[PDB]
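Undergrad: experimental structure and its sequence below.
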Amino acid sequence: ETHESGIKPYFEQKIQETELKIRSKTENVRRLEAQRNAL
Amino acid sequence: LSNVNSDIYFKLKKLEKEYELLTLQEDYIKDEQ
């Protein structure tokens, strides 16, 4: 039972390195949108 | 618990495919400004 539960966070660890990218892209769209709307 | 974890494992790959198109839109509004 604990082998099957433990291999689910290690497949998801691949998605967690993508989630640090997707969360840094969303914050930078907010900076560039207030700036683009003034120009 | 094995039925609902399997739907999450497939779903989540198709949902990241979409957010790879939103990361291209952010790059070219740097060039545009």
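TA: Sure, I can see it. Numbers count the residues shown, from 1 in each chain, chains lettered A, B, ... in the order given.
Undergrad: what's the neighbour count on the residue lying closest to residue B:19 once chain neighbours are set aside?
TA: Excluding the flanking residues, the one nearest residue B:19 by C-beta to C-beta, 6 or more residues apart in numbering or on different chains is residue A:22, at 5.6 Å. (C-beta placed from N, C-alpha, C; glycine too.) Residue A:22 has 14 neighbours, counted by other C-beta atoms under 10 Å in any protein chain shown.
Undergrad: quick check: the residue nearest the centre of chain A vs residue A:38, distance?
TA: Computing the C-alpha centroid of chain A and ranking residues by C-alpha atoms, centre = their mean puts residue A:19 first, at 1.8 Å. Taking C-beta to C-beta, to the nearest Å as the measure, residue A:19 falls 31 Å from residue A:38.
Undergrad: repeat that for residue B:3.
TA: 51 Å.
Undergrad: cool, and residue B:14?
TA: 37 Å.
Undergrad: sorry, back to before: so how far is the host helix or strand of the residue nearest to residue B:19 off the chain centroid?
TA: Per DSSP states H and E, residue A:22 falls inside helix A:2-38. Its chain's C-alpha centre lies 0 Å from the corresponding centre of helix A:2-38 when counted by C-alpha atoms, centre = their mean, to the nearest Å.
Undergrad: alright, calling it a day.
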